[PDB]
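# Working through the structure, step by step
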Amino acid sequence: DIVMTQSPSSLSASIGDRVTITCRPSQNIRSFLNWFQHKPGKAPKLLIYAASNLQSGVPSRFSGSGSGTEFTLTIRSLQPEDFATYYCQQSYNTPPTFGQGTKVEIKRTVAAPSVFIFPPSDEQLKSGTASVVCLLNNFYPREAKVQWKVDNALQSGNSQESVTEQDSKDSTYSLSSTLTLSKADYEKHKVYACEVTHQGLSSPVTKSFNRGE
Amino acid sequence: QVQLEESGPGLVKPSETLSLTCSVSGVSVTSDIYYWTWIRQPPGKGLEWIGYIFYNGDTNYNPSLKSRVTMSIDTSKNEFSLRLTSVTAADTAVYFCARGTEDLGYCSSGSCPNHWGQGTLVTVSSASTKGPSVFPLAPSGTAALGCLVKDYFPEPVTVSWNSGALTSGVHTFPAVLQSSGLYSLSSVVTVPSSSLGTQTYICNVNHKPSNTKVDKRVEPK
């Protein structure tokens, strides 16, 4: 019932940068404010309790300040492993409530993706469907354009993308694009191609195969 | 200093009751200095605190949920549990158990969960479980290969390589929901091209909701 307003919702910063996240409760909570870190698929971890007390085992670059109705989490020197979503949590009145979170991403140098294309397996074709997969490996930044072309005709509406979370050591992303076709449509064409445009590529990179070669 | 192992069904039908258990190791659930908490997070939504329970009997549940939730402690098993009635799609979420240490100088009672479990996803749906079909992403200095894990429900699947021996260079993509209502993902790994002739690569796909385990060899051609 106490509403926690966190800001910003998301930020990007370079390694070594000083990062600042604020939390404002809807009423005064004295010093009863905790800060959490949540890395993807890991247990959320308590970083700071009672506004300014560093939890045991947490690196000293994390620090909390403030009281009353304004609180700040500072990351004094951003490290690659600090990619995570951070939350404030008031412990003043029940029920405990959380801010909606701040997504922290790492800015780093441009890294072009390595590109791979995979044809559908013969085992899948017996099912009546053909999946064609394109892989973009270990790139930065996250933005990339991936176009499917079948006999050089541009595809639309029949593919889905998925992106990994930012890597905790090299801060890169990887991305899959999957083209789904009926077996009948797959056998009507020859050249299957994934064309990749990315800031690290001076011109687009195309990977292709010919069905049945 | 504490380990918290969560268990329970990952699929619950609408209007039925969701039950989860947290197995505690390293301290006793009868120790009066700790309290035990559940928290949840729907996909893409915020965290919602559910409640706390002390062994001495004192409890407090979020007013949003108090009329549907109970918690209990099983001393013989050193466990505690969550019971949530009459579930709907709003109850689809990752559920976290957590321990806190009572300390009124730095926290109101029962309000600072400081050791959390890693969470378990519960999906509320009338659909049955379905195990995945697994297809090779065959390799064409560095080569890429993988496994396509198609048409399963609900999440999650786990993917390992070479029974867990191969970890360097692996990317397992987040699942995507297909228009069919079933999930799909791929797991890839980059390896030396010089290895393709003599190293065997197998992806191991585990889908606990369907008690399904599938091994797929991934080779050239």
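Residues numbered from 1 in each chain as written, not as in the entry; some residues may be left out. Chains lettered and ligands numbered in written order. Heavy atoms only, no water.

For this entry, the PDB record names X-ray crystallography as the structure determination method and reports a resolution of 1.73 Å.

Naming follows the PDB entry, where chain B appears as Heavy chain of FluA-20 Fab of Homo sapiens. Per the PDB header, the entry is named "Crystal structure of FluA-20 Fab".

Taking the PDB entry as the reference, chain A is identified by name as Light chain of FluA-20 Fab, Immunoglobulin light chain belonging to Homo sapiens.

### Overview of the pairing of strand β12 (residues 114-118) of chain A
Residue and element names in this part refer to chain A. Where burial is concerned, most of β12 is hidden: four out of the five residues are buried. The pairing of β12 with strand β13 (residues 129-139) spans five bridges and is classified as antiparallel. Looking at the pairing, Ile-117 lines up with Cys-134 of β13. (Buried < 20%, exposed > 50% of the residue type's maximum accessible area, 1.4 Å probe, protein only. Helix = DSSP H or I, 4+ residues; strand = E, 2+ residues; numbered from the N terminus. Pairing = 2+ DSSP bridges.)

### So, the pattern of salt bridges
All names here are of chain B. Under the counting rule described, the total for this entry stands at 12 salt bridges over all chains. Residue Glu-48 is joined to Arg-40 by a salt bridge in which the shortest nitrogen-to-oxygen separation is 2.8 Å. Residue class for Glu-48 comes out partly exposed when judged on its relative accessible area of 23%. For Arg-40, a relative accessible area of 5% corresponds to the buried category. One salt-bridge network, held together by shared partners, links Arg-40, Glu-48, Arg-68 and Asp-91. (Salt bridge = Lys/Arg side-chain N within 4 Å of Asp/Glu carboxyl O.)

### With respect to the sheet that holds strand β17 (residues 173-182) of chain A
All names here are of chain A. Reading across from one edge, β12-β13-β17-β16 is the order of the four strands in this open sheet, with antiparallel pairing throughout. Looking at the sheet topology across the chains shown, the edges are occupied by β12 and β16 (159-163). Between one strand and the next, the sheet's axes are offset by a mean angle of 15°, whatever the strand orientation. In the sheet, β16 pairs with β17 via five bridges, with the strands oriented antiparallel. (Axes fitted to C-alpha atoms, helices over the stretch in contact; angles between N-to-C directions.)

### A closer look at the packing of aromatic side chains
Residue and element names in this part refer to chain A. This structure, assessed with the given rule, holds 19 aromatic pairs over all chains. Measuring from ring centre to ring centre gives 5.9 Å for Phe-36 and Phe-98, while their planes differ by 50°; the resulting arrangement is tilted. Separated by 62 residues along the polypeptide, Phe-36 in strand β4 (residues 33-38) and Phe-98 in strand β10 (residues 97-98) bring together distant segments of the chain. We note that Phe-36, like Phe-98, is buried. With a centroid separation of 6.3 Å and an interplanar angle of 35°, the aromatic rings of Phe-62 and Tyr-86 are classed as tilted. Here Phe-62 is found in strand β7 (residues 62-67), whereas its partner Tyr-86 is found in strand β9 (residues 84-90), with 24 residues between them in sequence. Looking at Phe-62, the relative accessible area reads 4%, which means it is buried. A relative accessible area of 0% places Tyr-86 in the buried class. (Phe/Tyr/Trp six-rings, centres within 6.5 Å; stacked < 30°, edge-to-face > 60°.)

### Considerations on the interface of chain B and chain A
Contact with chain B, which involves 42 residues of that partner, is made by 42 residues of chain A. Both sides of the chain B and chain A interface together cover about 3,400 Å² of buried area, and 65% of this is carbon and sulfur. Linking chain B with chain A are zero salt bridges, by the criterion used here. For the pair chain B and chain A, the interface holds eight residue pairs in polar contact. Elements with a contribution of two residues or more to the side of chain B that touches chain A: β4 (34-41), β10 (115-116), β12 (133-137), β13 (142-152), β16 (176-177) and β17 (183-192) of chain B. For the side of chain B that touches chain A, the leading source of residues is β13 of chain B, giving six residues. When the residues that make up the side of chain B that touches chain A are grouped by side-chain class, the tally is 24 nonpolar, 16 polar and two charged. (Contact = heavy atoms within 4.5 Å. Buried area = accessible area lost by both parts, 1.4 Å probe. Polar contact = N/O pair within 3.5 Å; in protein donor to acceptor, adjacent residues only side chain to side chain. Nonpolar A, V, L, I, M, F, W, Y, C, P; charged D, E, K, R; others polar.)

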